[PDB]
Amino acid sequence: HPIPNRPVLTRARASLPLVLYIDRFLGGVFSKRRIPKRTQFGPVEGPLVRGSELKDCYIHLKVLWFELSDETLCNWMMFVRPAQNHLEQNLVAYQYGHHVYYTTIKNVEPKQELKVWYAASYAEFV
């Protein structure tokens, strides 16, 4: 009766809150349970860069900027895809401390993909 070693995941994948999961087939982060309005995730963690040489896999975030390319160097927020209309958006991103956060603007339901875009004031900085 074997019991295998537990698979070790990239930093980005393991730093994910137990409240959420990434869905293999669909792409992106979802909620296991109800996530109420005004729930704050973060901080975004990862390498900082210039805006010069920043990729298109991701939303762009000013703090210098975040390069969210590499799972071994970022945390789970690298997986949170950028919303493309107001229908699908349920997070807003802003700077608060020395840090950047994603905050729910809707009560998010189970099996709904979390999708981010700028809070208006933050949209000014970027």
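Start at 1 and count along the sequence shown; that's the residue number.
In the deposited entry, the stretch joining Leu73 to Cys74 is continuous, with no residue of the deposited sequence left without coordinates.
The question of which stretch, 114-122 or 21-29, has the higher mean Cα B factor is settled in favour of 114-122. Here 33-41 and 80-88 are compared by their mean Cα B-factor, and 80-88 comes out higher. The PDB entry assigns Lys62 a C-alpha temperature factor belonging to the lowest third of its chain's modelled residues. In the deposited entry, the Cα temperature factor of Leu68 sits in the bottom third of values across the chain's modelled residues.
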